[PDB]
*Asks:* 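This is the structure I want to talk about, given as structure tokens.
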Amino acid sequence: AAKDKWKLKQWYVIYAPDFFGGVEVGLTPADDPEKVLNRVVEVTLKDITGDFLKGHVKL
RNA sequence: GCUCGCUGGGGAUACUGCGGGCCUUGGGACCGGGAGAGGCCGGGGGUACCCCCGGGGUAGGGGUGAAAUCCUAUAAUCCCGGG
Ligand SMILES: [Mg+2]
């Protein structure tokens, strides 16, 4: 039954804000889309703009 | 010699005391550019920690030299969003 519970969940794609490019930053699972609101994701500036210098900047 | 103590007079003016004058070195007052977790009062913050509410997940967590009391299915330890 535990496995069955895990099968009810759908995966949602997370996008960066408009002025940062709006690119895809990841995927998160949930059964009800209302539970996705107010979740937070941490990404480095190197992930958005490719440069091996600003790897220590976290957004 | 001892009772080193008292008293009538004369002389000296280096030091101490007293009176007058004149100083700036000790001390104090004031002005300049700086130093400091010195003190008091008002405002704005930093992580950490404890409790409460909502989501996830499920059988352990904590603690000692070794254990046990203790906490946990009225859902803990752990992770996330708020107060
Ligand atoms: Mg809960």
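Every chain is numbered from 1 and lettered A, B, ... according to where its sequence line falls, protein lines coming before strand lines. These values consider heavy atoms only, across backbone and side chains, with no hydrogens, waters or symmetry-generated copies.
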*Asks:* With a strict under 4.0 Å distance from non-hydrogen atoms of chain A, what nucleotide opens and what nucleotide closes the contacted stretch of RNA chain B, reading 5' to 3'?
*Replies:*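 The contact span of chain A on RNA chain B goes from B/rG55 to B/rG81.
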*Asks:* Whether B/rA73 and B/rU74 stack: are their six-membered ring centres under 5.5 Å apart and their planes inclined by less than 30°?
*Replies:*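 For these two strand neighbours, the answer is no: their six-membered rings do not meet both cut-offs.
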*Asks:* Just checking, are the bases of B/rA75 and B/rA76 stacked by our 5.5 Å, 30° definition for the six-membered rings?
*Replies:*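 No, unstacked.
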*Asks:* Measuring only the P atom in each nucleotide, how far is B/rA67 from B/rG63? A whole number of Å is fine.
*Replies:* 14 Å
*Asks:* Using the side chain to side chain donor-acceptor pair (under 3.5 Å) rule, collect all pairs that involve residues 38-47 of chain A, keeping only residues at least two apart or in two chains.
*Replies:* A/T28-A/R39, A/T44-A/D47
*Asks:* Looking at RNA chain B, which of residues 38-48 of chain A put a heavy atom within less than 4.0 Å of it?
*Replies:*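 Correct list: A/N38, A/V40.
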*Asks:* For adjacent nucleotides B/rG36 and B/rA37, indicate whether their bases are stacked under the rule of ring centres within 5.5 Å (strictly under) and plane angle under 30°.
*Replies:*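 Ring centres or planes out of range, so no.
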*Asks:* Please tabulate, one pair per line, all N/O donor-acceptor pairs under 3.5 Å involving side-chain atoms of residues 3-13 of chain A, not counting sequence neighbours.
*Replies:*
none

*Asks:* North or south sugar at B/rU25, going by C1'-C2'-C3'-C4' (positive north, negative south)?
*Replies:* south
*Asks:* Enumerate the residue pairs fulfilling salt bridge (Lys or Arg N to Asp or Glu O under 4.0 Å) with a member in residues 28-38 of chain A, sequence neighbours excluded, ordered by first and then second residue.
*Replies:*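 Qualifying pairs: A/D31-A/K35.
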*Asks:* Tell me whether B/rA37 sits syn or anti, counting syn as a glycosidic angle within 90° of 0.
*Replies:*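 B/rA37: anti.
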*Asks:* Quantified in whole Å, what is the P atom distance between nucleotide B/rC52 and nucleotide B/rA73?
*Replies:*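 My reading of the P atoms in B/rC52 and B/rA73 gives 13 Å.
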*Asks:* Identify all stems in which RNA chain B takes part, counting only runs of at least 3 consecutive pairs (Watson-Crick or G-U wobble, each distance under 3.5 Å), and give each as one range with another, ordered by first number.
*Replies:* B:51-56 with B:78-83
*Asks:* With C1'-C2'-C3'-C4' as the criterion (positive north, negative south), name the sugar pucker of B/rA35.
*Replies:* north
*Asks:* Under 4.5 Å side-chain heavy-atom separation, chaining through any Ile, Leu, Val, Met, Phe, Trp or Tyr, what else clusters with A/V23? Say none if it is isolated.
*Replies:* A/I14, A/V25, A/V41, A/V43, A/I48
*Asks:* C1'-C2'-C3'-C4' for B/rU13: north (positive) or south (negative)?
*Replies:*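 A south-puckered sugar, given its negative torsion.
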*Asks:* Tell me which pairs pass side chain to side chain donor-acceptor pair (under 3.5 Å) where either residue lies in residues 16-25 of chain A, with sequence neighbours left out.
*Replies:*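 Qualifying pairs: none.
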*Asks:* Identify, residue by residue, the members of residues 4-15 of chain A with a heavy atom below 4.0 Å from RNA chain B, and return them in order of residue number, or none.
*Replies:*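 Residues of residues 4-15 of chain A that come under 4.0 Å of RNA chain B are, in numerical order, A/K5, A/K9.
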*Asks:* Say we look at B/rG61 and B/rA68: how far apart would their P atoms be, to the nearest angstrom?
*Replies:* 13 Å
*Asks:* If a positive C1'-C2'-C3'-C4' torsion means north (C3'-endo side) and a negative one means south (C2'-endo side), where does B/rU72 fall?
*Replies:*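 A north-puckered sugar, given its positive torsion.
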*Asks:* Which ILVMFWY residues can you reach from A/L45 by hopping between side chains whose heavy atoms are under 4.5 Å apart?
*Replies:* A/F19, A/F20, A/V57, A/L59
*Asks:* Roughly how far apart, to the nearest Å, are B/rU69 and B/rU58 at atom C1'?
*Replies:*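 Looking at atom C1' only, B/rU69 and B/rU58 are 25 Å apart.
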*Asks:* Taking the P atom of each, how far is B/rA66 from B/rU47, in whole Å?
*Replies:* 38 Å
*Asks:* Quantified in whole Å, what is the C1' atom distance between nucleotide B/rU24 and nucleotide B/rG28?
*Replies:*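 It comes out at 13 Å once rounded to the nearest Å.
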*Asks:* Any chance you could pull the hydrophobic cluster mates of A/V40, using side-chain heavy atoms under 4.5 angstrom and chaining through other members?
*Replies:*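 None; A/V40 is a cluster of one.
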*Asks:* Quantified in whole Å, what is the P atom distance between nucleotide B/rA76 and nucleotide B/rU72?
*Replies:*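 That atom pair is separated by 10 Å.
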*Asks:* Linking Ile, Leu, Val, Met, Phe, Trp and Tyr through side-chain heavy atoms less than 4.5 Å apart, which residues share a cluster with A/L53?
*Replies:*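 A/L53 clusters with nothing; isolated.
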*Asks:* If we call a positive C1'-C2'-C3'-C4' torsion north and a negative one south, what is the sugar of B/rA73?
*Replies:*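 South is the answer for B/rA73, its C1'-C2'-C3'-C4' torsion being negative.
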*Asks:* Using atom P in both nucleotides, what's the gap between B/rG62 and B/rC78 to the nearest angstrom?
*Replies:*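 Roughly 8 Å separates the two P atoms.
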